[PDB]
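[1] The amino acid sequence is not available; the structure is as follows:
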Ligand SMILES: [Cu+2]
Ligand SMILES: [Zn+2]
Ligand SMILES: [Zn+2]
Ligand SMILES: [Zn+2]
Ligand SMILES: [Zn+2]
């Protein structure tokens, strides 16, 4: 099996450790871990394109979209590779991640290894919003914490 870890950090209180595991090179990817320091409620959770040696959330930029699709939720047919939907934070600011996804992969041509995991200020509207921006980013507001998705050491 192949494994990865992303350490989420930002300029504020938001931080977390996210794990990835893929047991077969074309198998589903499981994603788990906890993020603390969040406001209660939904927060967009995305793999962004940025793979260069930049500091922080600054350049993370657009969603990881190697197939040039529109933005969606993780269960939508039309989605970016990086569209992992929302995570939910409880009253003391902790969001537990538990995701199984069929579109991301840790191996092959469009592997998410080296790309940037991002947790957002607000909910992702899942591409169902009333403007073109919804179909690009899901209108999830600022990037609160980010980290490179690295092969586990
Ligand atoms: Cu995003
Ligand atoms: Zn590059
Ligand atoms: Zn870059
Ligand atoms: Zn390609
Ligand atoms: Zn997207």
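    Okay, I see it. Numbering: from 1, shown residues only. Ligands and ions are numbered 1, 2, ... in the order given.
[2] Going by C-alpha atoms from here, please, whenever you check contacts or count neighbours.
    OK.
[3] Please name the bridge partners of residue 89.
    residue 41, residue 95 (DSSP bridges).
[4] quick one: contacts for residue 134?
    Shown in contact with residue 134 (CA atoms under 8 Å, 6 or more residues apart in numbering): 71, 125, 126, 127, 128.
[5] Confirm that the second one sits in a strand.
    Which is residue 125. No. Per DSSP: H, G, I helix; E, B strand; the rest coil, residue 125 lies outside any strand segment and is coil.
[6] State the distance from it to ligand 5.
    10 Å (CA to the ion, to the nearest Å).
[7] got it, and the last one?
    Note on residue 128: its distance to ligand 5, by CA to the ion, is 12 Å.
[8] Pretty sure residue 113 sits against residue 4.
    Yes. Here residue 113 reaches residue 4: they are 7.4 Å apart, a contact under CA atoms under 8 Å.
[9] joint contacts of those two?
    Common neighbours of residue 113 and residue 4 (CA under 8 Å, 6+ apart) are 106, 149, 150, 151.
[10] And residue 113 and residue 4? Which one has more around it.
    residue 113 (23 against 20; other CA atoms under 10 Å).
[11] now that one, nearest residue through space, not along the chain?
    Spatial nearest neighbour of residue 113, chain neighbours left out: residue 149 (5.1 Å); criterion: CA to CA, 6 or more residues apart in numbering.
[12] Next: residue 104.
    residue 81 is the one closest to residue 104 (CA to CA, 6+ apart), at 5.8 Å.
[13] The one you found: what secondary structure?
    Applying three-state DSSP: residue 81 is coil.
[14] residues touching it, list them.
    Taking CA under 8 Å, 6+ apart, we find residue 81 in contact with 47, 63, 64, 65, 66, 67, 103, 104.
[15] how about the residues of the protein near ligand 3?
    50, 52 (CA under 5 Å from the ion).
[16] again, 8 Å this time
    49, 50, 51, 52, 53, 54, 59, 60 (CA under 8 Å from the ion).
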